[PDB]
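One file, coords_17.cif, is given below (mmCIF, C-alpha atoms).
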data_my_file
loop_
_atom_site.group_PDB
_atom_site.id
_atom_site.type_symbol
_atom_site.label_atom_id
_atom_site.label_comp_id
_atom_site.auth_asym_id
_atom_site.auth_seq_id
_atom_site.Cartn_x
_atom_site.Cartn_y
_atom_site.Cartn_z
ATOM 1 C CA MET L 1 0.000 0.000 0.000
ATOM 2 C CA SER L 2 1.129 3.641 0.465
ATOM 3 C CA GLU L 3 4.289 2.030 1.901
ATOM 4 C CA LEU L 4 5.448 2.189 -1.736
ATOM 5 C CA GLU L 5 4.581 5.808 -2.664
ATOM 6 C CA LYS L 6 6.068 6.926 0.656
ATOM 7 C CA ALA L 7 9.125 4.757 -0.013
ATOM 8 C CA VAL L 8 9.054 6.369 -3.462
ATOM 9 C CA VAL L 9 9.086 9.938 -2.091
ATOM 10 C CA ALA L 10 12.069 8.699 -0.069
ATOM 11 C CA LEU L 11 14.087 7.631 -3.140
ATOM 12 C CA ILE L 12 13.602 11.055 -4.771
ATOM 13 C CA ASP L 13 15.600 12.043 -1.691
ATOM 14 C CA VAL L 14 18.121 9.212 -2.009
ATOM 15 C CA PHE L 15 18.871 10.202 -5.622
ATOM 16 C CA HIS L 16 19.129 13.882 -4.562
ATOM 17 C CA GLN L 17 22.264 12.723 -2.745
ATOM 18 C CA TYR L 18 23.328 9.602 -4.665
ATOM 19 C CA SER L 19 22.923 11.729 -7.819
ATOM 20 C CA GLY L 20 24.326 15.126 -6.747
ATOM 21 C CA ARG L 21 26.474 14.040 -3.769
ATOM 22 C CA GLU L 22 29.719 14.302 -5.776
ATOM 23 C CA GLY L 23 29.190 16.128 -9.087
ATOM 24 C CA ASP L 24 26.899 14.087 -11.372
ATOM 25 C CA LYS L 25 23.389 15.506 -11.927
ATOM 26 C CA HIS L 26 20.610 12.877 -11.820
ATOM 27 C CA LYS L 27 22.560 9.636 -12.329
ATOM 28 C CA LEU L 28 25.046 7.383 -10.513
ATOM 29 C CA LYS L 29 28.177 5.291 -11.116
ATOM 30 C CA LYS L 30 29.071 1.641 -10.405
ATOM 31 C CA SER L 31 30.873 3.152 -7.384
ATOM 32 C CA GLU L 32 28.004 5.221 -5.934
ATOM 33 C CA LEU L 33 25.721 2.248 -6.608
ATOM 34 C CA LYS L 34 27.834 0.198 -4.174
ATOM 35 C CA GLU L 35 27.395 2.887 -1.499
ATOM 36 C CA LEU L 36 23.653 2.713 -2.194
ATOM 37 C CA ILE L 37 23.748 -0.982 -1.248
ATOM 38 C CA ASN L 38 26.254 -0.515 1.608
ATOM 39 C CA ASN L 39 24.671 2.652 3.060
ATOM 40 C CA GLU L 40 21.240 0.958 3.137
ATOM 41 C CA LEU L 41 21.690 -2.828 2.771
ATOM 42 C CA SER L 42 24.457 -3.306 5.368
ATOM 43 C CA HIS L 43 23.744 -7.047 5.107
ATOM 44 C CA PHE L 44 25.471 -6.894 1.704
ATOM 45 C CA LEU L 45 28.380 -5.002 3.295
ATOM 46 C CA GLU L 46 29.666 -8.552 3.617
ATOM 47 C CA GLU L 47 28.211 -9.634 0.254
ATOM 48 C CA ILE L 48 29.296 -13.242 0.958
ATOM 49 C CA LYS L 49 25.944 -13.345 2.782
ATOM 50 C CA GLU L 50 24.660 -14.398 -0.656
ATOM 51 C CA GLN L 51 27.104 -16.142 -3.036
ATOM 52 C CA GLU L 52 24.498 -17.027 -5.719
ATOM 53 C CA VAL L 53 22.987 -13.542 -5.497
ATOM 54 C CA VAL L 54 26.399 -11.912 -5.036
ATOM 55 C CA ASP L 55 26.656 -13.144 -8.610
ATOM 56 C CA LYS L 56 23.249 -11.652 -9.485
ATOM 57 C CA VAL L 57 23.438 -8.454 -7.384
ATOM 58 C CA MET L 58 26.815 -7.990 -9.111
ATOM 59 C CA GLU L 59 25.572 -9.160 -12.533
ATOM 60 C CA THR L 60 23.761 -5.803 -12.643
ATOM 61 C CA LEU L 61 26.236 -3.651 -10.685
ATOM 62 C CA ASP L 62 28.715 -4.487 -13.472
ATOM 63 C CA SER L 63 26.274 -3.266 -16.137
ATOM 64 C CA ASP L 64 24.283 -0.515 -14.382
ATOM 65 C CA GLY L 65 22.812 0.802 -17.647
ATOM 66 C CA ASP L 66 26.424 0.371 -18.800
ATOM 67 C CA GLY L 67 27.888 3.644 -17.488
ATOM 68 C CA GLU L 68 25.889 5.365 -14.731
ATOM 69 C CA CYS L 69 22.826 4.340 -12.677
ATOM 70 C CA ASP L 70 20.087 6.887 -13.473
ATOM 71 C CA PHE L 71 16.668 7.429 -11.840
ATOM 72 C CA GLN L 72 14.875 4.256 -13.002
ATOM 73 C CA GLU L 73 18.257 2.501 -12.542
ATOM 74 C CA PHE L 74 19.012 2.926 -8.820
ATOM 75 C CA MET L 75 15.341 2.059 -8.247
ATOM 76 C CA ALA L 76 15.913 -0.815 -10.686
ATOM 77 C CA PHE L 77 19.255 -2.248 -9.559
ATOM 78 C CA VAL L 78 18.356 -1.615 -5.917
ATOM 79 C CA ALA L 79 15.261 -3.642 -6.808
ATOM 80 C CA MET L 80 17.154 -6.451 -8.590
ATOM 81 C CA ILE L 81 19.259 -6.478 -5.416
ATOM 82 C CA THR L 82 16.631 -6.202 -2.685
ATOM 83 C CA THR L 83 14.580 -8.803 -4.580
ATOM 84 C CA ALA L 84 17.627 -11.101 -4.708
ATOM 85 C CA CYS L 85 18.645 -10.207 -1.118
ATOM 86 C CA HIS L 86 16.449 -11.391 1.794
ATOM 87 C CA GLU L 87 12.738 -10.522 2.069
ATOM 88 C CA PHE L 88 9.345 -11.518 0.635
ATOM 89 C CA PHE L 89 10.962 -11.489 -2.832
ATOM 90 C CA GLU L 90 11.206 -15.238 -3.504
ATOM 91 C CA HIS L 91 10.654 -16.401 0.098
ATOM 92 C CA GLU L 92 13.777 -14.593 1.362
ATOM 93 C CA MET S 1 20.622 6.525 2.751
ATOM 94 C CA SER S 2 18.961 3.589 4.586
ATOM 95 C CA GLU S 3 15.715 5.317 3.527
ATOM 96 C CA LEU S 4 16.103 3.100 0.445
ATOM 97 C CA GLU S 5 16.817 -0.319 2.038
ATOM 98 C CA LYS S 6 13.996 0.345 4.501
ATOM 99 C CA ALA S 7 11.759 1.424 1.613
ATOM 100 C CA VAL S 8 13.012 -1.761 -0.063
ATOM 101 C CA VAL S 9 11.988 -4.012 2.847
ATOM 102 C CA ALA S 10 8.618 -2.268 2.487
ATOM 103 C CA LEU S 11 8.151 -3.265 -1.178
ATOM 104 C CA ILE S 12 8.823 -6.932 -0.360
ATOM 105 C CA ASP S 13 5.651 -6.352 1.658
ATOM 106 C CA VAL S 14 3.849 -4.463 -1.109
ATOM 107 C CA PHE S 15 4.500 -7.315 -3.564
ATOM 108 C CA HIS S 16 3.375 -9.858 -0.920
ATOM 109 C CA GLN S 17 -0.053 -8.295 -1.446
ATOM 110 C CA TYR S 18 0.138 -6.839 -4.967
ATOM 111 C CA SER S 19 1.507 -10.259 -6.012
ATOM 112 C CA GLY S 20 -0.614 -12.700 -3.964
ATOM 113 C CA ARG S 21 -3.625 -10.459 -3.195
ATOM 114 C CA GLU S 22 -5.797 -12.144 -5.851
ATOM 115 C CA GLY S 23 -4.227 -15.380 -7.127
ATOM 116 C CA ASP S 24 -0.976 -14.620 -8.995
ATOM 117 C CA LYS S 25 2.256 -15.675 -7.238
ATOM 118 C CA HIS S 26 5.062 -13.079 -7.448
ATOM 119 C CA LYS S 27 3.897 -10.879 -10.341
ATOM 120 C CA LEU S 28 1.195 -8.319 -11.184
ATOM 121 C CA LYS S 29 -1.149 -7.281 -14.013
ATOM 122 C CA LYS S 30 -1.783 -3.956 -15.794
ATOM 123 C CA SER S 31 -4.815 -3.815 -13.462
ATOM 124 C CA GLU S 32 -3.056 -4.421 -10.123
ATOM 125 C CA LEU S 33 -0.346 -2.020 -11.298
ATOM 126 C CA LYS S 34 -2.986 0.735 -11.436
ATOM 127 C CA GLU S 35 -3.998 -0.036 -7.838
ATOM 128 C CA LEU S 36 -0.303 0.198 -6.933
ATOM 129 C CA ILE S 37 -0.306 3.784 -8.239
ATOM 130 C CA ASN S 38 -3.783 4.615 -6.873
ATOM 131 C CA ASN S 39 -3.322 2.939 -3.464
ATOM 132 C CA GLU S 40 -0.026 4.809 -2.937
ATOM 133 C CA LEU S 41 0.186 7.730 -5.404
ATOM 134 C CA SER S 42 -3.308 9.177 -4.846
ATOM 135 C CA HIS S 43 -2.091 12.257 -6.747
ATOM 136 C CA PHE S 44 -2.323 10.099 -9.887
ATOM 137 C CA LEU S 45 -5.839 9.008 -8.873
ATOM 138 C CA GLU S 46 -6.690 11.999 -11.042
ATOM 139 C CA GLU S 47 -3.883 11.284 -13.535
ATOM 140 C CA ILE S 48 -4.697 14.541 -15.377
ATOM 141 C CA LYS S 49 -2.374 16.012 -12.725
ATOM 142 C CA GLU S 50 0.300 15.210 -15.326
ATOM 143 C CA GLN S 51 -0.754 15.101 -19.008
ATOM 144 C CA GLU S 52 2.794 14.721 -20.428
ATOM 145 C CA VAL S 53 3.653 12.115 -17.791
ATOM 146 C CA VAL S 54 0.171 10.582 -17.959
ATOM 147 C CA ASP S 55 1.524 9.670 -21.380
ATOM 148 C CA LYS S 56 4.776 8.362 -19.866
ATOM 149 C CA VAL S 57 3.366 6.791 -16.671
ATOM 150 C CA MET S 58 0.934 5.079 -19.066
ATOM 151 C CA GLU S 59 3.581 4.387 -21.735
ATOM 152 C CA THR S 60 4.846 1.730 -19.305
ATOM 153 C CA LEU S 61 1.546 0.676 -17.689
ATOM 154 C CA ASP S 62 0.523 -0.419 -21.206
ATOM 155 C CA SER S 63 3.656 -2.566 -21.555
ATOM 156 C CA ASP S 64 4.426 -3.685 -17.982
ATOM 157 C CA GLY S 65 6.904 -6.359 -19.113
ATOM 158 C CA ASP S 66 4.133 -7.046 -21.652
ATOM 159 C CA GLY S 67 1.880 -9.270 -19.515
ATOM 160 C CA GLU S 68 2.368 -8.995 -15.743
ATOM 161 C CA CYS S 69 4.455 -6.678 -13.525
ATOM 162 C CA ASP S 70 6.951 -8.889 -11.655
ATOM 163 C CA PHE S 71 9.337 -8.041 -8.786
ATOM 164 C CA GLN S 72 11.820 -5.792 -10.629
ATOM 165 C CA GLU S 73 8.782 -4.491 -12.580
ATOM 166 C CA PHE S 74 6.555 -2.958 -9.880
ATOM 167 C CA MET S 75 9.760 -1.473 -8.448
ATOM 168 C CA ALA S 76 10.577 -0.449 -12.027
ATOM 169 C CA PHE S 77 7.267 0.953 -13.291
ATOM 170 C CA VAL S 78 6.545 2.474 -9.880
ATOM 171 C CA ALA S 79 9.961 4.070 -10.386
ATOM 172 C CA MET S 80 9.297 5.236 -13.971
ATOM 173 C CA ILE S 81 6.114 6.701 -12.475
ATOM 174 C CA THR S 82 7.368 8.250 -9.239
ATOM 175 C CA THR S 83 10.310 9.667 -11.213
ATOM 176 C CA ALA S 84 7.890 11.148 -13.763
ATOM 177 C CA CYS S 85 5.416 12.196 -11.023
ATOM 178 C CA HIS S 86 6.391 15.006 -8.602
ATOM 179 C CA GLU S 87 9.545 14.879 -6.447
ATOM 180 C CA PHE S 88 13.322 15.361 -6.673
ATOM 181 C CA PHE S 89 13.228 13.289 -9.885
ATOM 182 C CA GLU S 90 13.744 16.030 -12.492
ATOM 183 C CA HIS S 91 12.949 18.997 -10.214
ATOM 184 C CA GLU S 92 9.381 17.788 -9.565
#
Represent the structure from my file as structure tokens, please.
Amino acid sequence: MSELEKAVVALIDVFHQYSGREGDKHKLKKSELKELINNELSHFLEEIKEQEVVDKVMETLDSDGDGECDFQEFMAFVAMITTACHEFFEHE
Amino acid sequence: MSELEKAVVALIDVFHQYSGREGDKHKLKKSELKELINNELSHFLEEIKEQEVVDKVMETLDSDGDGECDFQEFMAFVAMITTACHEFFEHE
């Protein structure tokens, strides 16, 4: 329910930083993307926590729209991650 | 920051319903997708609120992975929407 729109109004804030927290405008880089998973998904700070997904979570981090992670990207990759991390998404 | 992972743990909950709130397993349909934007982004309940985006927000709702909106999809489309709605994403 609203949990999504509200979580959505929160990302517009996350990008605000993740996008303009160094110099880029509204996009990100394979490096900032990592911070996005380490500054929010500490569980992945270890990564090993998920070897099969470490392959998936990384399968995208290596591409990231090939270049920088823009608006629908951080929300995307973060999604490909969170979904492959530990939660409802596929049991957990 | 964490605002994203936490908002991420919230979507795993949103899908739980949006995905298994009728019969489907972990996916959605152009119809449930609408509820996802109307049950959270009331502002779009009117849609007219954004004619140019109503075209975009809909440009995806019509495709939605062509069929059903799965995990990375709701997070995706909801993103394409929220980003084209009113927030940091492109000024607002």
How many Å separate CA of residue 69 in chain L from CA of residue 13 in chain S?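 It comes out at 24.8 Å.
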Distance table requested - chain S against chain L, cut-off 12 Å, all atoms listed in the file: one row per qualifying residue with the closest atom pair and its distance in Å to one decimal, ordered by chain and rising residue number, as JSON lines.
{"residue": "S:1", "atom": "CA", "partner": "L:39", "partner_atom": "CA", "distance": 5.6}
{"residue": "S:2", "atom": "CA", "partner": "L:40", "partner_atom": "CA", "distance": 3.8}
{"residue": "S:3", "atom": "CA", "partner": "L:10", "partner_atom": "CA", "distance": 6.1}
{"residue": "S:4", "atom": "CA", "partner": "L:11", "partner_atom": "CA", "distance": 6.1}
{"residue": "S:5", "atom": "CA", "partner": "L:40", "partner_atom": "CA", "distance": 4.7}
{"residue": "S:6", "atom": "CA", "partner": "L:40", "partner_atom": "CA", "distance": 7.4}
{"residue": "S:7", "atom": "CA", "partner": "L:7", "partner_atom": "CA", "distance": 4.5}
{"residue": "S:8", "atom": "CA", "partner": "L:82", "partner_atom": "CA", "distance": 6.3}
{"residue": "S:9", "atom": "CA", "partner": "L:87", "partner_atom": "CA", "distance": 6.6}
{"residue": "S:10", "atom": "CA", "partner": "L:3", "partner_atom": "CA", "distance": 6.1}
{"residue": "S:11", "atom": "CA", "partner": "L:4", "partner_atom": "CA", "distance": 6.1}
{"residue": "S:12", "atom": "CA", "partner": "L:88", "partner_atom": "CA", "distance": 4.7}
{"residue": "S:13", "atom": "CA", "partner": "L:88", "partner_atom": "CA", "distance": 6.4}
{"residue": "S:14", "atom": "CA", "partner": "L:1", "partner_atom": "CA", "distance": 6.0}
{"residue": "S:15", "atom": "CA", "partner": "L:88", "partner_atom": "CA", "distance": 7.7}
{"residue": "S:16", "atom": "CA", "partner": "L:88", "partner_atom": "CA", "distance": 6.4}
{"residue": "S:17", "atom": "CA", "partner": "L:1", "partner_atom": "CA", "distance": 8.4}
{"residue": "S:18", "atom": "CA", "partner": "L:1", "partner_atom": "CA", "distance": 8.5}
{"residue": "S:19", "atom": "CA", "partner": "L:89", "partner_atom": "CA", "distance": 10.1}
{"residue": "S:20", "atom": "CA", "partner": "L:88", "partner_atom": "CA", "distance": 11.0}
{"residue": "S:21", "atom": "CA", "partner": "L:1", "partner_atom": "CA", "distance": 11.5}
{"residue": "S:25", "atom": "CA", "partner": "L:90", "partner_atom": "CA", "distance": 9.7}
{"residue": "S:26", "atom": "CA", "partner": "L:90", "partner_atom": "CA", "distance": 7.6}
{"residue": "S:27", "atom": "CA", "partner": "L:89", "partner_atom": "CA", "distance": 10.3}
{"residue": "S:32", "atom": "CA", "partner": "L:1", "partner_atom": "CA", "distance": 11.5}
{"residue": "S:33", "atom": "CA", "partner": "L:1", "partner_atom": "CA", "distance": 11.5}
{"residue": "S:34", "atom": "CA", "partner": "L:1", "partner_atom": "CA", "distance": 11.8}
{"residue": "S:35", "atom": "CA", "partner": "L:1", "partner_atom": "CA", "distance": 8.8}
{"residue": "S:36", "atom": "CA", "partner": "L:1", "partner_atom": "CA", "distance": 6.9}
{"residue": "S:37", "atom": "CA", "partner": "L:5", "partner_atom": "CA", "distance": 7.7}
{"residue": "S:38", "atom": "CA", "partner": "L:2", "partner_atom": "CA", "distance": 8.9}
{"residue": "S:39", "atom": "CA", "partner": "L:1", "partner_atom": "CA", "distance": 5.6}
{"residue": "S:40", "atom": "CA", "partner": "L:2", "partner_atom": "CA", "distance": 3.8}
{"residue": "S:41", "atom": "CA", "partner": "L:5", "partner_atom": "CA", "distance": 5.5}
{"residue": "S:42", "atom": "CA", "partner": "L:5", "partner_atom": "CA", "distance": 8.9}
{"residue": "S:43", "atom": "CA", "partner": "L:5", "partner_atom": "CA", "distance": 10.1}
{"residue": "S:44", "atom": "CA", "partner": "L:5", "partner_atom": "CA", "distance": 10.9}
{"residue": "S:70", "atom": "CA", "partner": "L:89", "partner_atom": "CA", "distance": 10.0}
{"residue": "S:71", "atom": "CA", "partner": "L:83", "partner_atom": "CA", "distance": 6.8}
{"residue": "S:72", "atom": "CA", "partner": "L:79", "partner_atom": "CA", "distance": 5.6}
{"residue": "S:73", "atom": "CA", "partner": "L:76", "partner_atom": "CA", "distance": 8.2}
{"residue": "S:74", "atom": "CA", "partner": "L:79", "partner_atom": "CA", "distance": 9.3}
{"residue": "S:75", "atom": "CA", "partner": "L:79", "partner_atom": "CA", "distance": 6.1}
{"residue": "S:76", "atom": "CA", "partner": "L:76", "partner_atom": "CA", "distance": 5.5}
{"residue": "S:77", "atom": "CA", "partner": "L:72", "partner_atom": "CA", "distance": 8.3}
{"residue": "S:78", "atom": "CA", "partner": "L:8", "partner_atom": "CA", "distance": 7.9}
{"residue": "S:79", "atom": "CA", "partner": "L:72", "partner_atom": "CA", "distance": 5.6}
{"residue": "S:80", "atom": "CA", "partner": "L:72", "partner_atom": "CA", "distance": 5.7}
{"residue": "S:81", "atom": "CA", "partner": "L:72", "partner_atom": "CA", "distance": 9.1}
{"residue": "S:82", "atom": "CA", "partner": "L:8", "partner_atom": "CA", "distance": 6.3}
{"residue": "S:83", "atom": "CA", "partner": "L:71", "partner_atom": "CA", "distance": 6.8}
{"residue": "S:84", "atom": "CA", "partner": "L:71", "partner_atom": "CA", "distance": 9.7}
{"residue": "S:85", "atom": "CA", "partner": "L:9", "partner_atom": "CA", "distance": 9.9}
{"residue": "S:86", "atom": "CA", "partner": "L:9", "partner_atom": "CA", "distance": 8.7}
{"residue": "S:87", "atom": "CA", "partner": "L:12", "partner_atom": "CA", "distance": 5.8}
{"residue": "S:88", "atom": "CA", "partner": "L:12", "partner_atom": "CA", "distance": 4.7}
{"residue": "S:89", "atom": "CA", "partner": "L:12", "partner_atom": "CA", "distance": 5.6}
{"residue": "S:90", "atom": "CA", "partner": "L:26", "partner_atom": "CA", "distance": 7.6}
{"residue": "S:91", "atom": "CA", "partner": "L:12", "partner_atom": "CA", "distance": 9.7}
{"residue": "S:92", "atom": "CA", "partner": "L:12", "partner_atom": "CA", "distance": 9.3}
Can you measure CA of residue 60 in chain S to CA of residue 47 in chain S for me? One decimal in Å is fine. 14.2 Å
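You will find CA of residue 45 in chain L at 12.3 Å from CA of residue 57 in chain L.
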Using all atoms listed in the file, which of the listed residues (S:50, S:30, S:22, S:55) sits closest to residue 67 in chain S? S:30
